[PDB]
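Novice: mmCIF, N, CA and C atoms, saved as coords-v3.cif, coming up:
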data_start
loop_
_atom_site.label_atom_id
_atom_site.label_comp_id
_atom_site.auth_asym_id
_atom_site.auth_seq_id
_atom_site.Cartn_x
_atom_site.Cartn_y
_atom_site.Cartn_z
N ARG A 210 -2.73 48.88 -20.62
CA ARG A 210 -3.78 48.16 -21.37
C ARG A 210 -3.30 46.90 -22.08
N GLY A 211 -2.01 46.75 -22.32
CA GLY A 211 -1.55 45.73 -23.24
C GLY A 211 -1.64 44.32 -22.70
N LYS A 212 -1.60 43.38 -23.64
CA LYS A 212 -1.37 41.96 -23.37
C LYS A 212 -0.08 41.59 -24.08
N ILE A 213 1.01 41.49 -23.33
CA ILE A 213 2.35 41.51 -23.90
C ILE A 213 2.88 40.08 -24.00
N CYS A 214 3.38 39.72 -25.17
CA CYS A 214 3.98 38.41 -25.38
C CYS A 214 5.35 38.40 -24.71
N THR A 215 5.46 37.69 -23.59
CA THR A 215 6.61 37.69 -22.70
C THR A 215 7.12 36.27 -22.47
N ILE A 216 7.38 35.56 -23.56
CA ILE A 216 7.93 34.20 -23.55
C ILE A 216 9.24 34.01 -22.77
N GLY A 217 9.18 33.20 -21.72
CA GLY A 217 10.36 32.77 -21.00
C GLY A 217 10.78 31.38 -21.45
N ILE A 218 12.07 31.10 -21.36
CA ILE A 218 12.63 29.82 -21.79
C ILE A 218 13.37 29.21 -20.60
N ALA A 219 12.80 28.16 -20.03
CA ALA A 219 13.23 27.56 -18.78
C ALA A 219 13.76 26.15 -19.01
N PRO A 220 14.25 25.49 -17.96
CA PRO A 220 14.38 24.03 -18.02
C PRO A 220 13.18 23.30 -17.44
N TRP A 221 12.94 22.09 -17.93
CA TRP A 221 12.03 21.17 -17.26
C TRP A 221 12.65 20.58 -15.99
N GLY A 222 13.98 20.39 -16.01
CA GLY A 222 14.65 19.76 -14.86
C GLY A 222 14.79 20.71 -13.69
N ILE A 223 14.20 21.91 -13.79
CA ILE A 223 14.36 22.93 -12.71
C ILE A 223 12.97 23.43 -12.25
N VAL A 224 11.97 23.36 -13.14
CA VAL A 224 10.59 23.78 -12.75
C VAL A 224 10.22 23.08 -11.43
N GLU A 225 9.67 23.82 -10.47
CA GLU A 225 9.37 23.25 -9.16
C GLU A 225 8.09 22.41 -9.22
N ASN A 226 8.08 21.33 -8.42
CA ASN A 226 6.95 20.43 -8.21
C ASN A 226 6.62 19.70 -9.51
N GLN A 227 7.63 18.97 -10.00
CA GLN A 227 7.53 18.24 -11.26
C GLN A 227 6.45 17.17 -11.21
N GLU A 228 6.21 16.58 -10.03
CA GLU A 228 5.11 15.64 -9.86
C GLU A 228 3.76 16.31 -10.03
N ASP A 229 3.63 17.56 -9.57
CA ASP A 229 2.45 18.38 -9.83
C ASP A 229 2.41 18.80 -11.30
N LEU A 230 3.55 18.76 -11.99
CA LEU A 230 3.66 19.09 -13.40
C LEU A 230 3.63 17.88 -14.33
N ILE A 231 2.81 16.87 -14.08
CA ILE A 231 2.68 15.74 -15.00
C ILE A 231 1.30 15.75 -15.65
N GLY A 232 1.27 15.70 -16.99
CA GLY A 232 0.05 15.53 -17.76
C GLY A 232 0.14 16.10 -19.17
N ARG A 233 -0.79 15.72 -20.04
CA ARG A 233 -0.63 15.85 -21.49
C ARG A 233 -1.79 16.61 -22.12
N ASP A 234 -1.51 17.85 -22.57
CA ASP A 234 -2.48 18.75 -23.25
C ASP A 234 -3.76 18.99 -22.44
N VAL A 235 -3.65 18.94 -21.13
CA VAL A 235 -4.76 19.25 -20.25
C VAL A 235 -4.54 20.65 -19.70
N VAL A 236 -5.63 21.35 -19.40
CA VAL A 236 -5.54 22.60 -18.66
C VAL A 236 -5.17 22.21 -17.24
N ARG A 237 -3.91 22.39 -16.89
CA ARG A 237 -3.52 21.58 -15.76
C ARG A 237 -3.43 22.40 -14.48
N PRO A 238 -3.85 21.84 -13.35
CA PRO A 238 -3.88 22.61 -12.11
C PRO A 238 -2.49 22.88 -11.56
N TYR A 239 -2.16 24.16 -11.47
CA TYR A 239 -0.92 24.61 -10.86
C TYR A 239 -1.21 25.48 -9.65
N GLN A 240 -1.00 24.91 -8.47
CA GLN A 240 -0.81 25.71 -7.27
C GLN A 240 0.45 26.54 -7.46
N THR A 241 0.29 27.86 -7.58
CA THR A 241 1.39 28.76 -7.92
C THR A 241 2.34 29.01 -6.76
N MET A 242 2.11 28.39 -5.61
CA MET A 242 3.01 28.47 -4.47
C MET A 242 4.39 27.92 -4.81
N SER A 243 5.41 28.56 -4.26
CA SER A 243 6.78 28.07 -4.32
C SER A 243 7.16 27.60 -2.92
N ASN A 244 7.28 26.29 -2.76
CA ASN A 244 7.79 25.75 -1.51
C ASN A 244 9.29 26.00 -1.45
N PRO A 245 9.80 26.68 -0.42
CA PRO A 245 11.24 26.96 -0.36
C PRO A 245 12.09 25.75 -0.02
N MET A 246 11.49 24.61 0.32
CA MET A 246 12.26 23.42 0.69
C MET A 246 12.98 22.82 -0.52
N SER A 247 12.26 22.62 -1.63
CA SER A 247 12.90 22.11 -2.83
C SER A 247 13.66 23.24 -3.52
N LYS A 248 14.91 22.95 -3.89
CA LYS A 248 15.74 23.92 -4.59
C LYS A 248 15.27 24.19 -6.01
N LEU A 249 14.41 23.34 -6.55
CA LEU A 249 13.71 23.60 -7.80
C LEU A 249 12.84 24.84 -7.66
N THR A 250 12.88 25.70 -8.67
CA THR A 250 12.24 27.01 -8.64
C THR A 250 11.09 27.05 -9.63
N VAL A 251 10.02 27.76 -9.25
CA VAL A 251 8.79 27.82 -10.03
C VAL A 251 8.97 28.65 -11.29
N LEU A 252 8.01 28.54 -12.20
CA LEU A 252 7.90 29.49 -13.28
C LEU A 252 7.30 30.79 -12.76
N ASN A 253 7.68 31.89 -13.41
CA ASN A 253 7.13 33.20 -13.10
C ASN A 253 5.67 33.26 -13.51
N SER A 254 4.83 33.84 -12.65
CA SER A 254 3.40 33.90 -12.95
C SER A 254 3.10 34.94 -14.02
N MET A 255 3.84 36.04 -14.03
CA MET A 255 3.54 37.20 -14.85
C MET A 255 4.03 37.08 -16.29
N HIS A 256 4.84 36.08 -16.62
CA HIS A 256 5.08 35.80 -18.03
C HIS A 256 3.90 35.05 -18.64
N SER A 257 3.89 35.00 -19.97
CA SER A 257 2.76 34.48 -20.71
C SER A 257 3.04 33.21 -21.51
N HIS A 258 4.30 32.85 -21.75
CA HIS A 258 4.63 31.61 -22.43
C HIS A 258 5.87 31.01 -21.79
N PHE A 259 6.02 29.69 -21.91
CA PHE A 259 7.16 29.01 -21.30
C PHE A 259 7.67 27.86 -22.15
N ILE A 260 9.00 27.76 -22.23
CA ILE A 260 9.72 26.85 -23.12
C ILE A 260 10.64 26.00 -22.22
N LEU A 261 10.09 25.54 -21.10
CA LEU A 261 10.80 24.59 -20.24
C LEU A 261 11.24 23.35 -21.00
N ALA A 262 12.49 22.92 -20.79
CA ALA A 262 13.09 21.86 -21.59
C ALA A 262 14.17 21.12 -20.82
N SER B 30 -3.67 17.80 -31.65
CA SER B 30 -3.22 16.58 -32.30
C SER B 30 -1.87 16.78 -32.98
N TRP B 31 -1.70 17.93 -33.63
CA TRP B 31 -0.45 18.20 -34.33
C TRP B 31 0.66 18.51 -33.34
N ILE B 32 0.29 19.04 -32.17
CA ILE B 32 1.21 19.14 -31.04
C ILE B 32 1.60 17.75 -30.52
N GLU B 33 0.64 16.82 -30.45
CA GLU B 33 0.84 15.59 -29.69
C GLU B 33 1.73 14.61 -30.44
N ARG B 34 1.51 14.46 -31.74
CA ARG B 34 2.28 13.51 -32.54
C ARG B 34 3.58 14.09 -33.06
N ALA B 35 4.07 15.19 -32.49
CA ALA B 35 5.28 15.84 -32.97
C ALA B 35 6.42 15.86 -31.96
N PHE B 36 6.22 16.40 -30.76
CA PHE B 36 7.32 16.79 -29.89
C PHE B 36 7.90 15.59 -29.12
N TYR B 37 9.19 15.69 -28.76
CA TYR B 37 9.92 14.58 -28.16
C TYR B 37 10.59 15.00 -26.85
N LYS B 38 10.83 14.01 -25.98
CA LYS B 38 11.43 14.16 -24.66
C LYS B 38 12.47 13.05 -24.46
N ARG B 39 13.06 13.01 -23.26
CA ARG B 39 14.10 12.04 -22.94
C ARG B 39 13.89 11.45 -21.54
N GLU B 40 14.49 10.27 -21.31
CA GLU B 40 14.25 9.48 -20.10
C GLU B 40 15.48 8.66 -19.74
N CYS B 41 15.45 8.07 -18.54
CA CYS B 41 16.66 7.56 -17.88
C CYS B 41 16.66 6.03 -17.76
N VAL B 42 17.70 5.40 -18.32
CA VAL B 42 18.14 4.04 -17.99
C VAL B 42 19.61 3.88 -18.41
N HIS B 43 20.44 3.35 -17.51
CA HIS B 43 21.90 3.42 -17.62
C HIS B 43 22.55 2.46 -16.62
N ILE B 44 23.87 2.59 -16.45
CA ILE B 44 24.67 1.66 -15.65
C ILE B 44 24.83 2.11 -14.20
N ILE B 45 24.21 3.23 -13.82
CA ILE B 45 24.21 3.84 -12.49
C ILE B 45 25.63 4.10 -11.98
N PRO B 46 26.29 5.18 -12.42
CA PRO B 46 27.44 5.68 -11.65
C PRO B 46 26.95 6.39 -10.39
N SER B 47 27.44 5.93 -9.24
CA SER B 47 26.90 6.39 -7.96
C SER B 47 27.36 7.80 -7.63
N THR B 48 28.66 8.09 -7.83
CA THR B 48 29.34 9.33 -7.48
C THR B 48 29.12 9.73 -6.02
N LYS B 49 28.21 10.67 -5.78
CA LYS B 49 27.97 11.16 -4.43
C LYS B 49 27.05 10.22 -3.65
N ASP B 50 25.82 10.02 -4.14
CA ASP B 50 24.87 9.22 -3.38
C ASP B 50 24.61 7.89 -4.06
N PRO B 51 24.59 6.78 -3.31
CA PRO B 51 24.14 5.50 -3.88
C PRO B 51 22.68 5.52 -4.32
N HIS B 52 21.84 6.29 -3.62
CA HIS B 52 20.45 6.45 -4.05
C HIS B 52 20.37 7.20 -5.37
N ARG B 53 21.23 8.19 -5.56
CA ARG B 53 21.25 8.96 -6.79
C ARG B 53 21.89 8.14 -7.91
N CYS B 54 21.19 8.05 -9.03
CA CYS B 54 21.79 7.60 -10.28
C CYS B 54 22.41 8.82 -10.96
N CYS B 55 22.60 8.73 -12.28
CA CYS B 55 23.12 9.90 -13.04
C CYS B 55 21.98 10.92 -13.22
N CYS B 56 20.73 10.45 -13.33
CA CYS B 56 19.58 11.38 -13.43
C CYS B 56 19.57 12.27 -12.18
N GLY B 57 19.60 11.67 -10.98
CA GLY B 57 19.74 12.49 -9.76
C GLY B 57 18.54 12.47 -8.83
N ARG B 58 17.70 11.43 -8.85
CA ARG B 58 16.64 11.42 -7.85
C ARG B 58 16.94 10.38 -6.77
N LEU B 59 15.96 10.13 -5.91
CA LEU B 59 16.12 9.11 -4.88
C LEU B 59 16.07 7.71 -5.49
N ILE B 60 16.42 6.71 -4.67
CA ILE B 60 16.69 5.36 -5.16
C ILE B 60 15.43 4.73 -5.75
N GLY B 61 14.31 4.89 -5.07
CA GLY B 61 13.05 4.43 -5.61
C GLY B 61 12.25 5.48 -6.33
N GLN B 62 12.73 6.72 -6.37
CA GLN B 62 11.98 7.82 -6.94
C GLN B 62 12.34 8.12 -8.39
N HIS B 63 13.27 7.38 -8.99
CA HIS B 63 13.45 7.44 -10.44
C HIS B 63 12.23 6.84 -11.12
N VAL B 64 11.47 7.69 -11.82
CA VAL B 64 10.23 7.34 -12.54
C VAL B 64 9.20 6.65 -11.64
N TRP B 92 22.66 13.64 -22.99
CA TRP B 92 23.02 12.76 -24.10
C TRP B 92 23.35 11.36 -23.59
N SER B 93 23.81 10.50 -24.49
CA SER B 93 24.06 9.11 -24.14
C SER B 93 25.37 8.92 -23.39
N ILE B 94 26.23 9.94 -23.33
CA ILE B 94 27.54 9.82 -22.70
C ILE B 94 27.38 10.07 -21.20
N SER B 95 27.63 9.02 -20.40
CA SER B 95 27.74 8.97 -18.94
C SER B 95 26.38 9.12 -18.24
N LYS B 96 25.33 9.45 -18.99
CA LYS B 96 23.96 9.47 -18.49
C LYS B 96 23.07 8.47 -19.19
N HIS B 97 23.36 8.19 -20.47
CA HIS B 97 22.63 7.24 -21.32
C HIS B 97 21.13 7.53 -21.37
N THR B 98 20.78 8.79 -21.59
CA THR B 98 19.39 9.15 -21.81
C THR B 98 19.02 8.95 -23.28
N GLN B 99 17.76 8.60 -23.51
CA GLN B 99 17.25 8.10 -24.77
C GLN B 99 16.21 9.08 -25.31
N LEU B 100 15.43 8.65 -26.30
CA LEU B 100 14.32 9.45 -26.80
C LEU B 100 13.00 8.74 -26.55
N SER B 101 11.96 9.53 -26.29
CA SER B 101 10.63 9.04 -25.94
C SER B 101 9.65 10.19 -26.17
N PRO B 102 8.35 9.91 -26.19
CA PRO B 102 7.39 11.02 -26.31
C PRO B 102 7.11 11.74 -24.99
N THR B 103 6.94 13.06 -25.10
CA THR B 103 6.63 14.02 -24.04
C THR B 103 5.40 13.63 -23.20
N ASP B 104 5.38 14.13 -21.95
CA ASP B 104 4.22 13.92 -21.08
C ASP B 104 3.89 15.09 -20.14
N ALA B 105 4.45 16.28 -20.33
CA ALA B 105 4.25 17.37 -19.36
C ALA B 105 4.17 18.73 -20.06
N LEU C 472 -4.98 36.67 1.37
CA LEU C 472 -4.58 35.27 1.46
C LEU C 472 -4.69 34.58 0.11
N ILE C 473 -5.53 35.11 -0.79
CA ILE C 473 -5.54 34.59 -2.16
C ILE C 473 -4.41 35.22 -2.97
N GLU C 474 -3.94 36.41 -2.56
CA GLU C 474 -2.78 37.00 -3.21
C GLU C 474 -1.52 36.21 -2.89
N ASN C 475 -1.46 35.66 -1.68
CA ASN C 475 -0.43 34.67 -1.38
C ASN C 475 -0.69 33.39 -2.17
N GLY C 476 -1.96 33.01 -2.29
CA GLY C 476 -2.29 31.80 -3.03
C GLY C 476 -2.83 30.65 -2.20
N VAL C 477 -3.70 30.97 -1.25
CA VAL C 477 -4.52 29.95 -0.58
C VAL C 477 -5.67 29.71 -1.55
N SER C 478 -5.48 28.72 -2.43
CA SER C 478 -6.39 28.47 -3.54
C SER C 478 -7.77 28.11 -3.04
N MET C 479 -8.78 28.71 -3.66
CA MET C 479 -10.13 28.49 -3.18
C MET C 479 -10.62 27.09 -3.53
N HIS C 480 -9.95 26.43 -4.47
CA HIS C 480 -10.12 25.00 -4.70
C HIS C 480 -9.76 24.19 -3.46
N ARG C 481 -8.51 24.29 -3.00
CA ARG C 481 -7.97 23.34 -2.03
C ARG C 481 -8.48 23.60 -0.62
N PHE C 482 -8.73 24.87 -0.28
CA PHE C 482 -9.36 25.19 1.00
C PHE C 482 -10.76 24.62 1.09
N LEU C 483 -11.52 24.68 0.00
CA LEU C 483 -12.92 24.30 0.02
C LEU C 483 -13.01 22.78 0.02
N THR C 484 -13.58 22.24 1.10
CA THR C 484 -13.95 20.83 1.15
C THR C 484 -15.44 20.79 1.40
N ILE C 485 -16.01 19.58 1.41
CA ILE C 485 -17.43 19.40 1.71
C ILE C 485 -17.66 19.82 3.16
N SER C 486 -16.77 19.37 4.04
CA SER C 486 -16.86 19.71 5.46
C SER C 486 -16.57 21.19 5.69
N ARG C 487 -15.81 21.82 4.78
CA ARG C 487 -15.50 23.23 4.93
C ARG C 487 -16.71 24.08 4.62
N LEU C 488 -17.42 23.77 3.52
CA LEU C 488 -18.57 24.59 3.15
C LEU C 488 -19.77 24.25 4.02
N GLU C 489 -19.75 23.07 4.66
CA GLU C 489 -20.63 22.88 5.81
C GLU C 489 -20.34 23.92 6.87
N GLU C 490 -19.07 24.07 7.26
CA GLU C 490 -18.72 24.96 8.37
C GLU C 490 -18.96 26.43 8.03
N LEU C 491 -18.83 26.78 6.75
CA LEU C 491 -19.03 28.16 6.32
C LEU C 491 -20.51 28.52 6.33
N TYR C 492 -21.37 27.58 5.96
CA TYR C 492 -22.80 27.82 6.07
C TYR C 492 -23.25 27.77 7.53
N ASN C 493 -22.76 26.77 8.27
CA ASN C 493 -23.25 26.44 9.60
C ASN C 493 -22.77 27.42 10.66
N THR C 494 -21.84 28.31 10.31
CA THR C 494 -21.31 29.23 11.30
C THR C 494 -22.40 30.21 11.73
N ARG C 495 -22.47 30.46 13.04
CA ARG C 495 -23.36 31.47 13.58
C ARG C 495 -22.51 32.44 14.38
N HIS C 496 -21.80 33.30 13.65
CA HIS C 496 -21.02 34.42 14.17
C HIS C 496 -20.96 35.47 13.07
N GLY C 497 -20.07 36.45 13.21
CA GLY C 497 -19.93 37.50 12.24
C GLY C 497 -21.13 38.43 12.23
N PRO C 498 -21.50 38.93 11.06
CA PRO C 498 -22.65 39.83 10.99
C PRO C 498 -23.97 39.10 10.93
N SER C 499 -25.04 39.86 10.73
CA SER C 499 -26.38 39.34 10.61
C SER C 499 -26.56 38.60 9.29
N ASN C 500 -27.37 37.55 9.34
CA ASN C 500 -27.88 36.91 8.14
C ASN C 500 -29.33 36.56 8.41
N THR C 501 -30.16 36.67 7.38
CA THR C 501 -31.54 36.22 7.49
C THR C 501 -31.69 34.74 7.20
N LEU C 502 -30.63 33.94 7.33
CA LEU C 502 -30.72 32.51 7.06
C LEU C 502 -31.72 31.81 7.96
N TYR C 503 -31.69 32.10 9.27
CA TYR C 503 -32.57 31.50 10.28
C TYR C 503 -34.06 31.58 9.96
N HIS C 504 -34.51 32.74 9.50
CA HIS C 504 -35.89 32.94 9.09
C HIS C 504 -36.23 32.12 7.86
N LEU C 505 -35.37 32.18 6.84
CA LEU C 505 -35.71 31.58 5.55
C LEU C 505 -35.56 30.06 5.54
N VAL C 506 -34.53 29.49 6.18
CA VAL C 506 -34.34 28.04 6.09
C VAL C 506 -35.35 27.32 6.98
N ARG C 507 -35.87 28.01 8.00
CA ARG C 507 -36.97 27.44 8.76
C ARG C 507 -38.26 27.47 7.95
N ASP C 508 -38.37 28.42 7.01
CA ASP C 508 -39.50 28.43 6.10
C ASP C 508 -39.33 27.38 5.02
N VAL C 509 -38.09 27.04 4.70
CA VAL C 509 -37.75 25.95 3.79
C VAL C 509 -38.16 24.61 4.38
N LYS C 510 -37.73 24.32 5.60
CA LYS C 510 -38.03 23.01 6.16
C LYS C 510 -39.48 22.91 6.63
N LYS C 511 -40.17 24.03 6.84
CA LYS C 511 -41.58 23.97 7.20
C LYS C 511 -42.40 23.57 5.99
N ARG C 512 -42.09 24.15 4.84
CA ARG C 512 -42.82 23.82 3.62
C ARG C 512 -42.44 22.43 3.10
N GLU C 513 -41.15 22.09 3.14
CA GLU C 513 -40.67 20.82 2.61
C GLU C 513 -41.02 19.66 3.53
N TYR C 514 -40.70 19.79 4.82
CA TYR C 514 -40.93 18.73 5.79
C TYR C 514 -41.87 19.23 6.88
N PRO C 515 -43.20 19.22 6.65
CA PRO C 515 -44.19 19.82 7.56
C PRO C 515 -44.29 19.11 8.91
N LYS C 523 -35.64 22.59 14.95
CA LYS C 523 -36.97 22.20 15.43
C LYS C 523 -37.72 23.41 15.98
#
Starting from the file, lay out its structure as structure tokens.
Specialist:
Amino acid sequence: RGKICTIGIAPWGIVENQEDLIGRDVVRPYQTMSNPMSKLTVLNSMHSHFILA
Amino acid sequence: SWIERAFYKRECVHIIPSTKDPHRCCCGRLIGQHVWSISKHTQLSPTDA
Amino acid sequence: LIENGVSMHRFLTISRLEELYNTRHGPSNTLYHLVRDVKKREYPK
């Protein structure tokens, strides 16, 4: 039943599809697909907060 | 608003040590695909992501 | 396919939802009866 606070702390220089990750305080569209071509890796979908830096 | 006028980020301009790739600067992207201070010379700027 | 993440945003185009309506296969639909009643009342083949 829970809604669990599961904050992950990532880098910004590693989050995949950084061009898809541009914008400021908008509810921003994320295709949750991970393309295996770029060595940059996505954020986990099942966590609830992210501290990419 | 209190989020927007607070947080800070960093960005790339420097003397371009080539090392491995001439296209790669110290940041590490392609030659036309670019857009601490020691050997990378990254600065401070406001966040955008 | 949505569990993989074929987003219903990006799949759906104007031409796509044309093709989804315009398809005449699969199971039965009463579309044929009703849309002919639509164009008969609206535009009196």
Novice: So that I can see what lies close to range 251-259 of chain A, please list as number ranges by chain the residues with an atom at most 12 Å from it, counting only C-alpha atoms and leaving out residues fewer than 5 positions away in the same chain.
Specialist: A: 212-227, 229-230, 239-245; C: 474, 476
Novice: Could you write out that same residue set with N, CA and C atoms as a compact mmCIF listing (two decimals), in the frame of the given file?
Specialist:
# COMPACT_ATOMS: atom_id res chain seq x y z
N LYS A 212 -1.60 43.38 -23.64
CA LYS A 212 -1.37 41.96 -23.37
C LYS A 212 -0.08 41.59 -24.08
N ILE A 213 1.01 41.49 -23.33
CA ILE A 213 2.35 41.51 -23.90
C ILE A 213 2.88 40.08 -24.00
N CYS A 214 3.38 39.72 -25.17
CA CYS A 214 3.98 38.41 -25.38
C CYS A 214 5.35 38.40 -24.71
N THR A 215 5.46 37.69 -23.59
CA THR A 215 6.61 37.69 -22.70
C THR A 215 7.12 36.27 -22.47
N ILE A 216 7.38 35.56 -23.56
CA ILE A 216 7.93 34.20 -23.55
C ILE A 216 9.24 34.01 -22.77
N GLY A 217 9.18 33.20 -21.72
CA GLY A 217 10.36 32.77 -21.00
C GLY A 217 10.78 31.38 -21.45
N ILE A 218 12.07 31.10 -21.36
CA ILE A 218 12.63 29.82 -21.79
C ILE A 218 13.37 29.21 -20.60
N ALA A 219 12.80 28.16 -20.03
CA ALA A 219 13.23 27.56 -18.78
C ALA A 219 13.76 26.15 -19.01
N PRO A 220 14.25 25.49 -17.96
CA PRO A 220 14.38 24.03 -18.02
C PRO A 220 13.18 23.30 -17.44
N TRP A 221 12.94 22.09 -17.93
CA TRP A 221 12.03 21.17 -17.26
C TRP A 221 12.65 20.58 -15.99
N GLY A 222 13.98 20.39 -16.01
CA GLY A 222 14.65 19.76 -14.86
C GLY A 222 14.79 20.71 -13.69
N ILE A 223 14.20 21.91 -13.79
CA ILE A 223 14.36 22.93 -12.71
C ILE A 223 12.97 23.43 -12.25
N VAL A 224 11.97 23.36 -13.14
CA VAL A 224 10.59 23.78 -12.75
C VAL A 224 10.22 23.08 -11.43
N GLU A 225 9.67 23.82 -10.47
CA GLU A 225 9.37 23.25 -9.16
C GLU A 225 8.09 22.41 -9.22
N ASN A 226 8.08 21.33 -8.42
CA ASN A 226 6.95 20.43 -8.21
C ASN A 226 6.62 19.70 -9.51
N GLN A 227 7.63 18.97 -10.00
CA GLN A 227 7.53 18.24 -11.26
C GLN A 227 6.45 17.17 -11.21
N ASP A 229 3.63 17.56 -9.57
CA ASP A 229 2.45 18.38 -9.83
C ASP A 229 2.41 18.80 -11.30
N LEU A 230 3.55 18.76 -11.99
CA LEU A 230 3.66 19.09 -13.40
C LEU A 230 3.63 17.88 -14.33
N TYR A 239 -2.16 24.16 -11.47
CA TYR A 239 -0.92 24.61 -10.86
C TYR A 239 -1.21 25.48 -9.65
N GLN A 240 -1.00 24.91 -8.47
CA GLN A 240 -0.81 25.71 -7.27
C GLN A 240 0.45 26.54 -7.46
N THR A 241 0.29 27.86 -7.58
CA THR A 241 1.39 28.76 -7.92
C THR A 241 2.34 29.01 -6.76
N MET A 242 2.11 28.39 -5.61
CA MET A 242 3.01 28.47 -4.47
C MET A 242 4.39 27.92 -4.81
N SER A 243 5.41 28.56 -4.26
CA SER A 243 6.78 28.07 -4.32
C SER A 243 7.16 27.60 -2.92
N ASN A 244 7.28 26.29 -2.76
CA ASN A 244 7.79 25.75 -1.51
C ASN A 244 9.29 26.00 -1.45
N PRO A 245 9.80 26.68 -0.42
CA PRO A 245 11.24 26.96 -0.36
C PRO A 245 12.09 25.75 -0.02
N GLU C 474 -3.94 36.41 -2.56
CA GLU C 474 -2.78 37.00 -3.21
C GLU C 474 -1.52 36.21 -2.89
N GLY C 476 -1.96 33.01 -2.29
CA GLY C 476 -2.29 31.80 -3.03
C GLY C 476 -2.83 30.65 -2.20
Novice: For residue 95 in chain B, find every residue with an atom within 10 Å (counting only C-alpha atoms), except residues of its own chain fewer than 3 positions away, and show them as an MDAnalysis selection string.
Specialist: chainID B and resid 43:46 55 92 98
Novice: Specify as a compact mmCIF listing (two decimals) with N, CA and C atoms, in the frame of the given file each residue included when the PyMOL selection byres ((chain B) within 7 of (chain A)) is applied to this file.
Specialist:
# COMPACT_ATOMS: atom_id res chain seq x y z
N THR B 103 6.94 13.06 -25.10
CA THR B 103 6.63 14.02 -24.04
C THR B 103 5.40 13.63 -23.20
N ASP B 104 5.38 14.13 -21.95
CA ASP B 104 4.22 13.92 -21.08
C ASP B 104 3.89 15.09 -20.14
N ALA B 105 4.45 16.28 -20.33
CA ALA B 105 4.25 17.37 -19.36
C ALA B 105 4.17 18.73 -20.06
Novice: Using all atoms listed in the file, select each residue of chain C with any atom at most 8 Å away from an atom of chain A, and give the selection as a tab-separated table (two decimals) with N, CA and C atoms, keeping the file's coordinate frame.
Specialist:
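Final output, out-v6.tsv:
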chain	number	residue	atom	x	y	z
C	475	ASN	N	-1.46	35.66	-1.68
C	475	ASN	CA	-0.43	34.67	-1.38
C	475	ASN	C	-0.69	33.39	-2.17
C	476	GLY	N	-1.96	33.01	-2.29
C	476	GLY	CA	-2.29	31.80	-3.03
C	476	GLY	C	-2.83	30.65	-2.20
C	477	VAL	N	-3.70	30.97	-1.25
C	477	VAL	CA	-4.52	29.95	-0.58
C	477	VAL	C	-5.67	29.71	-1.55
C	478	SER	N	-5.48	28.72	-2.43
C	478	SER	CA	-6.39	28.47	-3.54
C	478	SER	C	-7.77	28.11	-3.04
Novice: In Å, how far is it from CA of residue 60 in chain B to atom N of residue 37 in chain B?
Specialist: 26.8 Å
Novice: Regenerate range 482-491 of chain C at the level of N, CA, C and O atoms and dump it as a PDB file, keeping the file's coordinate frame.
Specialist:
ATOM      1  N   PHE C 482      -8.730  24.870  -0.280  1.00  0.00           N
ATOM      2  CA  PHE C 482      -9.360  25.190   1.000  1.00  0.00           C
ATOM      3  C   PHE C 482     -10.760  24.620   1.090  1.00  0.00           C
ATOM      4  O   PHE C 482     -11.162  24.126   2.153  1.00  0.00           O
ATOM      5  N   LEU C 483     -11.520  24.680   0.000  1.00  0.00           N
ATOM      6  CA  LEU C 483     -12.920  24.300   0.020  1.00  0.00           C
ATOM      7  C   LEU C 483     -13.010  22.780   0.020  1.00  0.00           C
ATOM      8  O   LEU C 483     -12.569  22.124  -0.922  1.00  0.00           O
ATOM      9  N   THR C 484     -13.580  22.240   1.100  1.00  0.00           N
ATOM     10  CA  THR C 484     -13.950  20.830   1.150  1.00  0.00           C
ATOM     11  C   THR C 484     -15.440  20.790   1.400  1.00  0.00           C
ATOM     12  O   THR C 484     -16.081  21.831   1.563  1.00  0.00           O
ATOM     13  N   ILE C 485     -16.010  19.580   1.410  1.00  0.00           N
ATOM     14  CA  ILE C 485     -17.430  19.400   1.710  1.00  0.00           C
ATOM     15  C   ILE C 485     -17.660  19.820   3.160  1.00  0.00           C
ATOM     16  O   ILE C 485     -18.589  20.573   3.458  1.00  0.00           O
ATOM     17  N   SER C 486     -16.770  19.370   4.040  1.00  0.00           N
ATOM     18  CA  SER C 486     -16.860  19.710   5.460  1.00  0.00           C
ATOM     19  C   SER C 486     -16.570  21.190   5.690  1.00  0.00           C
ATOM     20  O   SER C 486     -17.001  21.772   6.687  1.00  0.00           O
ATOM     21  N   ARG C 487     -15.810  21.820   4.780  1.00  0.00           N
ATOM     22  CA  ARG C 487     -15.500  23.230   4.930  1.00  0.00           C
ATOM     23  C   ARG C 487     -16.710  24.080   4.620  1.00  0.00           C
ATOM     24  O   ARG C 487     -17.022  25.017   5.355  1.00  0.00           O
ATOM     25  N   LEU C 488     -17.420  23.770   3.520  1.00  0.00           N
ATOM     26  CA  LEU C 488     -18.570  24.590   3.150  1.00  0.00           C
ATOM     27  C   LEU C 488     -19.770  24.250   4.020  1.00  0.00           C
ATOM     28  O   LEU C 488     -20.720  25.036   4.120  1.00  0.00           O
ATOM     29  N   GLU C 489     -19.750  23.070   4.660  1.00  0.00           N
ATOM     30  CA  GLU C 489     -20.630  22.880   5.810  1.00  0.00           C
ATOM     31  C   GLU C 489     -20.340  23.920   6.870  1.00  0.00           C
ATOM     32  O   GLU C 489     -21.246  24.634   7.287  1.00  0.00           O
ATOM     33  N   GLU C 490     -19.070  24.070   7.260  1.00  0.00           N
ATOM     34  CA  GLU C 490     -18.720  24.960   8.370  1.00  0.00           C
ATOM     35  C   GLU C 490     -18.960  26.430   8.030  1.00  0.00           C
ATOM     36  O   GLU C 490     -19.253  27.250   8.902  1.00  0.00           O
ATOM     37  N   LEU C 491     -18.830  26.780   6.750  1.00  0.00           N
ATOM     38  CA  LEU C 491     -19.030  28.160   6.320  1.00  0.00           C
ATOM     39  C   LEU C 491     -20.510  28.520   6.330  1.00  0.00           C
ATOM     40  O   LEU C 491     -20.876  29.654   6.660  1.00  0.00           O
TER      41      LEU C 491
END
